[PDB]
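The residues making up each chain are set out below.
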60 protein chains.
Amino acid sequence: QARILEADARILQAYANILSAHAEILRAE
Amino acid sequence: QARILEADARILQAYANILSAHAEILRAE
Amino acid sequence: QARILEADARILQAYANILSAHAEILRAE
Amino acid sequence: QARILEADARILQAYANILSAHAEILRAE
Amino acid sequence: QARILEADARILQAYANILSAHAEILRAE
Amino acid sequence: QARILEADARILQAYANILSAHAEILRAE
Amino acid sequence: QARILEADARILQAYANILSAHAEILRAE
Amino acid sequence: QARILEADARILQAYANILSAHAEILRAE
Amino acid sequence: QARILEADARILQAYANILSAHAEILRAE
Amino acid sequence: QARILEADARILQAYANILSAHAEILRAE
Amino acid sequence: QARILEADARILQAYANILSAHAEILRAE
Amino acid sequence: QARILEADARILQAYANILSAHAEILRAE
Amino acid sequence: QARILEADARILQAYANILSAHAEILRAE
Amino acid sequence: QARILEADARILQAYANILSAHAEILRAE
Amino acid sequence: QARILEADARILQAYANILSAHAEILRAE
Amino acid sequence: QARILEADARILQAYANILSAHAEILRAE
Amino acid sequence: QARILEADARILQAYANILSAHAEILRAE
Amino acid sequence: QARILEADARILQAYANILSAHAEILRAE
Amino acid sequence: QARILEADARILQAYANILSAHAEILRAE
Amino acid sequence: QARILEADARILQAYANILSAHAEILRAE
Amino acid sequence: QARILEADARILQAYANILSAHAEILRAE
Amino acid sequence: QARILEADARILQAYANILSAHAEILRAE
Amino acid sequence: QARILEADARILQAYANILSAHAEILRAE
Amino acid sequence: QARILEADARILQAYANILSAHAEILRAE
Amino acid sequence: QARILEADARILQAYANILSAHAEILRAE
Amino acid sequence: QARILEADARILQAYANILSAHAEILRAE
Amino acid sequence: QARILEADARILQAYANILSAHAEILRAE
Amino acid sequence: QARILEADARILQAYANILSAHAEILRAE
Amino acid sequence: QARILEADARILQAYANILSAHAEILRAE
Amino acid sequence: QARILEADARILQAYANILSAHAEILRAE
Amino acid sequence: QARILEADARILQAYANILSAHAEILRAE
Amino acid sequence: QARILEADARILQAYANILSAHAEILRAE
Amino acid sequence: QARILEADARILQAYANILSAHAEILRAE
Amino acid sequence: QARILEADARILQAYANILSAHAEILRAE
Amino acid sequence: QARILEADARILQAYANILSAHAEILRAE
Amino acid sequence: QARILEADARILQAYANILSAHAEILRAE
Amino acid sequence: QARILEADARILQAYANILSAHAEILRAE
Amino acid sequence: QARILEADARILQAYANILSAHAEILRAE
Amino acid sequence: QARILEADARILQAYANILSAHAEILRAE
Amino acid sequence: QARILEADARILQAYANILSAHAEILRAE
Amino acid sequence: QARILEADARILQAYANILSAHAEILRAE
Amino acid sequence: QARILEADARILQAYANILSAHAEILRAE
Amino acid sequence: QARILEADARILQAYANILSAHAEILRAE
Amino acid sequence: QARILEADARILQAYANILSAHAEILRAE
Amino acid sequence: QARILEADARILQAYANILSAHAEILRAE
Amino acid sequence: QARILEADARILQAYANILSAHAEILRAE
Amino acid sequence: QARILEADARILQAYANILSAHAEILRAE
Amino acid sequence: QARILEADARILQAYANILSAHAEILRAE
Amino acid sequence: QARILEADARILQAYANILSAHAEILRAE
Amino acid sequence: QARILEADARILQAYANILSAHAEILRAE
Amino acid sequence: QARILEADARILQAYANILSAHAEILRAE
Amino acid sequence: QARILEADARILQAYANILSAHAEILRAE
Amino acid sequence: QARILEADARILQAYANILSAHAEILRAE
Amino acid sequence: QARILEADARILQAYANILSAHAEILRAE
Amino acid sequence: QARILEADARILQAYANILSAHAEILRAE
Amino acid sequence: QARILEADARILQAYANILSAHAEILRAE
Amino acid sequence: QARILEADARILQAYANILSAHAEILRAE
Amino acid sequence: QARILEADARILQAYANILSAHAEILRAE
Amino acid sequence: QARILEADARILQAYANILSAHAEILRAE
Amino acid sequence: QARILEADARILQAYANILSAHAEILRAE
C-alpha cells in the first residue's frame, strides 16, 4: 500500500514541476 | 487483492511519467 | 508519507512563485 | 513539516506584495 | 513559525496602505 | 509579534483618517 | 501598545467630529 | 490613556449638542 | 476626568430641556 | 460635581411640570 | 470619590424606576 | 482608578435605563 | 492595567445602550 | 499580556455596538 | 503563546464588526 | 503545537471577515 | 499527528476565504 | 492511519479552494 | 482496511478538484 | 469483503475524475 | 391608548375563534 | 380599562374552547 | 372588576376541560 | 367575590381530572 | 404614534379573520 | 365560604388521584 | 418616520385581507 | 367545617398512595 | 433615506393587493 | 447610493403591480 | 356523521390495498 | 364509533403490508 | 375497545416488518 | 389488556430488528 | 405481566444492537 | 422478576457498547 | 440479585469506555 | 457483594479517564 | 474490602486529573 | 488501610491542583 | 360595557338551549 | 353579571341531563 | 370608542339569535 | 350562586349513576 | 384618527345587520 | 399624513355602505 | 351545599361497588 | 417627498369614490 | 357527612376483599 | 434625484385623475 | 349503516373462501 | 361489528393455511 | 376477539415451520 | 394468549437452529 | 414464559459458537 | 434463567479468544 | 455467576496482552 | 474475584510499559 | 492487591521519567 | 506502599527541575 503513497508523492512532484515550468514561462515575458 | 493495489500504483506511476514528460516538453520551448 | 508533505511544500512554493511572477508583471506597468 | 510553514509564509509574503503593488497602482492616479 | 507572524504583519501594513490610499483619493475631491 | 500590534495601530489610524475625511466631506455641504 | 490606545482616541475624536457635523447639519434647518 | 477620556468627554458633549438641537427643533413647532 | 462629569451634567440639562419642551407642547392643547 | 445635582433638580422639576400638566388635562374633563 | 458617583447612578436608576412604574400604570389601563 | 470609570459607566447605563423606560412609556400608549 | 481598559469598554457599551434606547424610542413611535 | 489585548478587543467591539446602534436608529426612522 | 494570537484574532474580528456595522449604516439609508 | 496553527488560521479568517465586510460596504452603496 | 495537518488545512482554507472575499470585493464593484 | 491520509486530502482540497477562489477572482473582472 | 483505501480515493478526488479548479481558471480567462 | 472492492472502485473513479479534469483543461484552451 | 385598541382586536379574534370552532364542528360531522 | 376588555376576550376564547372541545367530541366518534 | 370576569373565564375553561376529557374518553375506546 | 368563583372553577377542574383519569384507565386497557 | 396605527391594523386583520372563519363555515357545509 | 368549596375541590382531586393510581396499576400489568 | 408609513401599509394590507376573505366567502358558495 | 372536609381529602389521598404503592409493587416485578 | 422610499413602495404594493383582491372578488362571481 | 435607486425601482414595480391588478380586474369582467 | 362514512371508505381502501398487494405477488412470480 | 372502524382499517392495512412484504420476498429471489 | 384492535394492528405490522426484514436479507445476498 | 398485546408487538418488532441487523451484516460484506 | 414481556423485548433489542455493532465492525473494515 | 431480565438486557447492551467501541477503533484507523 | 447483574453491566460498560477512549486516542493522532 | 463489583467498575472507569485524558493531551497538541 | 478498591479508584482518578491538567497546560499555550 | 490510600489520592489531587494553577497562570497571560 | 356581559349571558343561554335540545333528541330513541 | 352565573348554572344542568340520558341509554342494554 | 363596544354587543346578540334559531330548527324535528 | 352548587351536585349524581350502571353491566357477566 | 374608529364601528354594525338578516332568513323556514 | 388617515376612514365608510346595501338587498327577499 | 357531600358519598359507594364487582370477578377464577 | 403622500391620499380618495359609486349603483336596483 | 365515612369504610372493606382474593389466588399454586 | 420623486408624484396624481374620471363616467349612468 | 358493515363482513368472508380454495388447490399438488 | 372480527380471524387462518401448505411443499424436496 | 389471537398464534407457528424447513434444507448440504 | 408466547419461543428456537446450521457450515471450511 | 428464556439462552449459545468459529478461522492463518 | 448467565459467560470467553487471537496475529509481525 | 467474573478476568488479561504487544511494537523502532 | 485484581494490575503494568517506551522514544531525540 | 500498588508506583515512576525527559528537552535549548 | 511515596518524591523533584529550567530560560533574556 505504501507504493500508492509513493506514486501520489511523485504525481504531486510532477504537478509542482508543471507549475514551476508555467511560472518560468510567464516570467519569460 | 494486493495485485490490484500494485496495479493501481503502477498506473499512478505511469500518470506521473506522463506529467513529467509533458512538463519537459513545455520547458523545451 | 513524509514525501507527500514535501511534495505539498513544493507545490505551495510553486504557487508562491506564480504569485510573485504575477506581482512583478503587474508592477511592470 | 516545517517546509509547509515556510511555504505558507512565502505565500503570504507574495500576497502582501500583490496588495502593495495594487496600492501603488491605485496611488498612481 | 515567526515568519508567518512577520508575513501577517506585512499583510496588515499593506491593508493600511490600501486604506490610506483610498482616504487620500476620497480627500482629493 | 510587536509588528502585528504596530500594524493594527496603523490600520486604526487609517480608519480614523477615513472617518475624518468623511466628516470633512459632510461638512462641505 | 500605546499606539493602539492613541489610535482608539483618534477614532473616538473622529466619531465626535461626525456627531458634531451631523448636529450642525440638523441645526441648519 | 487620558486622551481616551477626553475623546469620551467630547463624544458626550456632541451627544448633548444633538439633544439640544432636537429640543430646539421640537420647540420650533 | 472632570470633563466627563461636565458632559454628563450637560446631557442631563438637555434631557430636562426635552422634558420641558414636551410639557409645554402637552399644555398647548 | 454640583452641576450634576443641579441637573437632577431640573429634571425632577420638569417631571413635576409634566405631572401638573397631566393633572390639569385630566381636570379639564 | 467612587461613592458619590455610585450614589448619582442610584438616583438616576431610581428616576428610571419612576418612569417605568408610570409606564406600567399606563399599560395596566 | 478603575472604580471611578466603572461608576461613570453605571451613570451612563442609568441614563440608558431612563431613556428605555421613556420609550416603553411611549410604546404602552 | 486591564481593569482601566475594561472600564473604558464598559463606558462605551453604556453609550451604546444610550443610543439603542433612543433608537427604540424612535421605533416605538 | 493576553488580558490587555482582550480589553482592546472589547473596546473595539463596544465601538462596533455604538455604530450598530446608530445604524438601527437610522433604520427605525 | 496561543492566547496572544487568539487575542490578535479577536481584535481583528472586532475591527470586522466595526466595518460591518458601518456597512449596515450605509445600507439602512 | 496545533493551538498555534489554529490561532494563525483564526487570524487569517478574521482578516477574511475584514475583507468581506469591506466588500459588503461597497455593495451596500 | 493528524491535528497539525488539520490545522494546516484550516490555514489554507482561511487563505481561500481571503481570496474569495477579495474576489467578491471586485465583483461588488 | 486513516486520519493522516484524510488530513492530506483536506489539505489538497484546501489548495483546490485556493485555486477556485483565484479563478473566480479572474472571472469577476 | 476499507478506511485506508477510501482515504486514498479522497486524496485522488482532491487532486481532481485541483485540476478542475485550474481548468476553470483557464476557462475564466 | 464488499467494502474493499467498493473502495477499489472509488479509487478508479477518482482516477477517472483526474483524467476528465485534465481533458476539460485541454478543452478550455 | 394602544392597549384599548389591542384589547378590541383580541375580542374580535376571540369571536373569530368562536366562528372557526363552530365551522370545524360542522366539518367534523 | 384594558383589563376589563382583556377579560372579555378571555371569556370569549373560553367559549371558543368549549365549542372546539365539543367539535372534537363529535370527531372522536 | 377584572377579577370577577377572569374567574368567569376560568369557570368556562374548566367546563371546556370537562368536555375535552369526555371527548378523549370516547377516543380512548 | 372572586374567591367563590375561583373555587367553583377549581371544583370543575377537579371533575375534569376525574374524567381524564377514567379515560386513561380505559386507554391503559 | 405607530402603535395606534398598528393596533388599527390588528383590528382590521381580526375582522378579516372573522370573515375568513365565516367563509370556511360556508365551505364546510 | 371559599374554604368549604376549596375543600370540596380537594376531595374531588383526591378521588382523581384514586382513579389515576388504579389506571397505572392496570398499565403496570 | 418609516414606522408611520409601514403602519399605513399594514392597514392597507389588512383591508386587502378583508376583501380577499369576502371574495373567498363568495367563492365558497 | 373546612377541617373535616380537608381531613376527608387527606384520607382519600392516603388511599391513593396505597393504590400507587401497590401499582409500583406490580411494576417492580 | 431608503427606508422612507421602501415604505412608500410597501404602501403602493398594499394598494395593489387591494385591487387584486377586488378583482378576484369579481372573478369568483 | 444604490439603496435609493433600488427603492425607486421598487416603487415603480409597485405601480406596475397596481396597473396589472387593474388590468386583471378588467379581464375578470 | 362524516367520520363514520370516511372510516368506511378507509376500510374499503384497505381492502383495495389487500387486493393490489396480492396482484403484485402474482406479478412478481 | 369512528375509532373502532379506523382500527379495523388499520388491521386490514397491516394485512396488506404482510402481503406486500411477502410479494417483495418473492421478487427479491 | 379501540386500543385492543390497534394493538392487533401493531402486532400484524410487526409481523410485516419481520417478513420485510427477511426479504431484504434475501435481497442483500 | 392492551398492554400485553403491545408488549407482544414490541417483541415481534425486536425480532424484526434482529433480522434486519443480520441482513445488513450480510450487506456490509 | 406486561413488564416481563417488555423486558423480553428489551433483551431481544439488545441482541439486535449486538448484531448491528458487529455489522458496522465489518463495514468499518 | 422484571428486574433480573432488565439487568440481563443491560449486560447485553453493555456488550453491544463493547463491540461498537471496537468498531470505531477500527474506523478511526 | 439484580444488583450483582447491574454491577456486571457497569463493569462491561466501563470496559467499553476503556475501548472508546483508546479509539479516540487513535483518532486524535 | 455488589459493592466489590461496583468498586471494580469504578477502577475501570478511572482507567478510562486516564486514557481519555491522555487522548486529549495528544489532541491539544 | 470495598473501601480499599474505592481508594484505588480515587488514586487512579487523581492521576487522571494530573494528566488532564497537563493537557490543558498544553492547550493554554 | 483505606486512610493511607485516600491520603495518597489527596496528595495526587493536590499536585493536580498545582498543575492546573500553573496552566491558568499561562492562560491568564 | 354591561351590554357585552348581557350578550355573553344570552349566548350561554343559547348554548344551554342547544344542549337541552340535543339531550331531548338523544332521549327520544 | 348575575345573568352569567345563571347561564352557567343552566349549562351545567344541561350537562347533567346529557349524562343522565347517556346513563339511561347504557342501562337500556 | 364606546361605539365599538356597542357594535360588539350587537354582533354577539346577533350570534345569540343565530344559535337560538338553530336550536329551534333542531327542536322542530 | 347556589344554583351552581345545585348543578354541580346534579352532575356528581349523574356521574354516580354512570358508575353504578357500569358496575351492574360488569356484574352481568 | 377618531374617524377610523367610527368607521370600524359602522363596519361592525353592518356586519351585525348581515348576521341578523341571515338569522331572519333562516328562521323564515 | 393626516390626509392618508382621512382617506382610509372614507374607504372604510364606503365599505360599510357596501355591506349595508348588501344587507338590504338580502333582506329584500 | 350538603347535596355535594351526599353526591360524593354516592360516588364513593359506586366506587366500592366497582371494587366489589372486580373482586367477585377475580374470585370467579 | 410629501407630494408622494398627498398623491397617495388622492388615490385613496378616488378609490373611495369608486366604492361609493358602486354602492349607489347596487342600491339603485 | 357520616355517609362519607361509611362510604370510606365500604371502600376499605372492598380493598380488603381484593387483598384476600389475591392471597387465595396466590395460595392456590 | 428629487426630480424622480416629483415625477413619481405627478404619475400618481395622473393615476388619481384617471380613477376620478372613471368614477364620474360610472356615476353618469 | 349497519348493512354496510354486514356487507363488508360478507366480502371478507368471500375473500377468506378464495384464500382457502387457493390453499386447497396448491395442496392438491 | 363482531362479524368483521370473525371474518378477519378467518382470513388470518386462511393465511396460516397458505403458509403451512408452502412449508410442506418446500419440505417435499 | 380471542379468535384473532389464536389465528396470530397459528400464523407464527407456520412461520416457525417455514424457518425450520429452511434450516433443514440448509443443513442438507 | 399463552399460545402467542409458545409460538414466539418456537420462532426463537428456529432462529437458534438457523444460527447453529450457519456456524456448522462456516466451521466446515 | 420460561420457554422464551430457554430460547434466548440457546440463541446466545449459537452466537458464542459463531464467535468461536470465527476465532478459529482467524487463528488458522 | 441461569442458562442465560452461562451463555453470557461463554460469549465473553469467545470475545476473549477473539482478542487473544488478534494479539497473537499482531505479535506475529 | 462466577463464570462471568472469570470471563471478565480473561478479557482484561487479553487487553493487557494487546497493550504489551503494542508496547513491544512501539519499542521495536 | 482476585483474578480481576490481578488482571487490573497487569493492565496497569502494561500502561507503565507504554509510558516508559514513549519516554525512551522522546529521549531518543 | 499489593500488585495494584506496585503497578501504581511504576506508573508514577514512568510519569516522573516523562517529566524529566521533558525538562532535559527544554533545557537543551 | 513506600514505593508510592518514593515515586511521589521523584515526581516532585521532576517538577522542581521543570521550574528551575523555566527560571533559567527566563533569566537568559
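Residues numbered from 1 in each chain as written, not as in the entry; some residues may be left out. Chains lettered and ligands numbered in written order. Heavy atoms only, no water.

- This deposited entry lists cryo-EM as its structure determination method and 3.8 Å as its resolution.

**Considering the arrangement of the chains**
For step 1, the next point in the chain: There is a clear gap between chain C and chain F: no contact, and 22 Å between their nearest C-alpha atoms.
For step 2, the next point in the chain: With no contact between them, chain C and chain L keep their nearest C-alpha atoms 49 Å apart. (Contact = heavy atoms within 4.5 Å.)

**Remarks on the packing of helix α1 (residues 2-28) of chain AU against helix α1 (residues 2-28) of chain AW**
For step 1, the next point in the chain: Remark: α1(AU) packs on α1(AW), axes separated minimally by 9 Å, with the N-to-C direction vectors making an angle of 15°. Considering the angle they form, α1(AU) stands roughly parallel to α1(AW). Classified by chirality, the crossing of α1(AW) by α1(AU) is left-handed.
For step 2, the next point in the chain: A per-class count over the contact of α1(AU) with α1(AW) returns 16 nonpolar, four polar and five charged. (Axes fitted to C-alpha atoms, helices over the stretch in contact; angles between N-to-C directions. Helix = DSSP H or I, 4+ residues; strand = E, 2+ residues; numbered from the N terminus. Parallel < 35°, antiparallel > 145°, perpendicular 65-115°, else oblique. Left-handed = near helix turned anticlockwise from the far one by under 90°. Nonpolar A, V, L, I, M, F, W, Y, C, P; charged D, E, K, R; others polar.)

**Topic: the pattern of salt bridges**
For step 1, the next point in the chain: All chains considered together, the criterion is met by 27 salt bridges over all chains.
For step 2, the next point in the chain: With a shortest N-O distance of 2.6 Å, X:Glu6 and W:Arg10 are connected by a salt bridge. Highlighted residues: X:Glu6 in helix α1 (residues 2-28) and W:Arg10 in helix α1 (residues 2-28), drawn from two different chains.
For step 3, the next point in the chain: Look at X:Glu6 and you get buried, because its relative accessible area is 9%.
For step 4, the next point in the chain: Since its relative accessible area comes to 47%, W:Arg10 is described here as partly exposed. (Salt bridge = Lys/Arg side-chain N within 4 Å of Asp/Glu carboxyl O. Buried < 20%, exposed > 50% of the residue type's maximum accessible area, 1.4 Å probe, protein only.)

**Concerning the interface of chain W and chain AP**
How big an interface is tends to be reported as the loss of accessible area on association of its parts.
For step 1, the next point in the chain: Contacts between the two partners involve seven residues from chain W and, on the opposite side, eight residues from chain AP.
For step 2, the next point in the chain: For chain W, the biggest contributors to the area lost against chain AP are W:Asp8, W:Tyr15 and W:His22; these three give 60% of the whole.
For step 3, the next point in the chain: Here chain W and chain AP share one residue pair in polar contact between them.
For step 4, the next point in the chain: Its residues assigned to classes, the side of chain W that touches chain AP shows five nonpolar, one polar and one charged. (Buried area = accessible area lost by both parts, 1.4 Å probe. Polar contact = N/O pair within 3.5 Å; in protein donor to acceptor, adjacent residues only side chain to side chain.)

**Brief notes about the interface of chain L and chain K**
For step 1, the next point in the chain: Facing the 14 residues of chain L at the interface are 13 residues of chain K.
For step 2, the next point in the chain: Here chain L meets chain K over a buried area of about 1400 Å², counting both sides, of which 73% is carbon and sulfur.
For step 3, the next point in the chain: Its largest share of buried area at the contact with chain K, chain L owes to L:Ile11, L:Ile18 and L:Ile25, together 31% of the area lost on that side.
For step 4, the next point in the chain: For the interface between chain L and chain K, the tally reads one salt bridge.
For step 5, the next point in the chain: In this structure, the connection of chain L to chain K is made through one residue pair in polar contact.
For step 6, the next point in the chain: Counted by class, the side of chain L that touches chain K contains eight nonpolar, two polar and four charged residues.

**Considerations on the relation of the copies chain W and chain AP**
For step 1, the next point in the chain: Taken as rigid bodies, chain W and chain AP are interconverted by a rotation of 169° and an axial shift of 5.1 Å, the fit giving an RMSD of 0.6 Å.
For step 2, the next point in the chain: A share of 71% of the interface residues of chain W reappears at the interface of chain AP, consistent with the copies meeting face to face through the same patch. (Least-squares fit on C-alpha atoms.)

**Things to note about helix α1 (residues 2-28) of chain AB**
For step 1, the next point in the chain: When the terminal C-alpha atoms of α1(AB) are compared, their 38 Å separation across 27 residues agrees well with the 39 Å that a helix rising 1.5 Å per residue should span.
For step 2, the next point in the chain: Residues of α1(AB) that are buried: AB:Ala2, AB:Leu5, AB:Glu6, AB:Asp8, AB:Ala9, AB:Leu12, AB:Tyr15, AB:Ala16, AB:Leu19 and AB:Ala23.
For step 3, the next point in the chain: Packing partners of the buried residues in α1(AB) comprise α1 (2-28) of chain Z, α1 of chain AU together with α1 of chain AW. (Expected span 1.5 Å × (residues − 1).)

**Brief notes about the packing of aromatic side chains**
For step 1, the next point in the chain: Across all of its chains, the model carries 30 aromatic pairs over all chains by this definition.
For step 2, the next point in the chain: Taking 5.6 Å as the distance between ring centres and 85° as the angle between the ring planes, the aromatic pair formed by A:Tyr15 and S:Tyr15 counts as edge-to-face. Separated into two different chains, A:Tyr15 in helix α1 (residues 2-28) and S:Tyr15 in helix α1 (residues 2-28) make up a pair that spans both. Exposure class is identical for A:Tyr15 and S:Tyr15. Each is buried. (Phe/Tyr/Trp six-rings, centres within 6.5 Å; stacked < 30°, edge-to-face > 60°.)

**Some remarks on a positive patch on the surface**
For step 1, the next point in the chain: Together, K:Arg27, L:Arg27, M:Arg27, N:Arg27, O:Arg27, P:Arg27, Q:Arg27, R:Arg27, S:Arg27 and T:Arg27 give the surface a local cluster of positive charge.
For step 2, the next point in the chain: If you trace the backbone, S:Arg27 turns up in helix α1.
For step 3, the next point in the chain: Taking relative accessible area as the criterion, S:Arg27 reaches 53% and is therefore assigned exposed. (Patch = residues over 30% accessible without salt bridge, like charges linked within 9 Å, V, L, I, M, F, W, Y side chains within 5 Å. Areas by Shrake-Rupley, 256 points an atom, 1.4 Å probe, with all protein chains shown as cover. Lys, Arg positive; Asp, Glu negative; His and termini not counted. Charge placed at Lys NZ, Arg CZ, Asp CG, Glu CD.)

**Overview of the environment of BA:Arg3**
For step 1, the next point in the chain: Looking at the element boundaries, BA:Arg3 is found in helix α1 (residues 2-28).
For step 2, the next point in the chain: A residue is classified by how much of its surface remains accessible, and BA:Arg3, at 45% relative accessible area, is partly exposed.
For step 3, the next point in the chain: Apart from residues lying up to four places away in sequence, BA:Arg3 is in contact with AZ:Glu6 and AZ:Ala9.

**A word on the environment of Z:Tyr15**
For step 1, the next point in the chain: Using a relative accessible area of 4% as the deciding quantity, one classes Z:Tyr15 as buried.
For step 2, the next point in the chain: Each C-alpha atom, one on Z:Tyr15 and one on Z:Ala28, is 20 Å from the other, the two residues being 13 residues apart in sequence.
For step 3, the next point in the chain: Once residues within four sequence positions are removed from consideration, Z:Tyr15 is found in contact with X:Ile18, AR:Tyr15, AR:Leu19, AU:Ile11, AU:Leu12 and AU:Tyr15.

**Section: the side chain of AM:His22**
For step 1, the next point in the chain: The class for AM:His22 is buried, based on a relative accessible area of 17%.
For step 2, the next point in the chain: When near neighbours in sequence (up to four residues on either side) are disregarded, AM:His22 contacts AN:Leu19, BG:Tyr15 and BG:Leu19.

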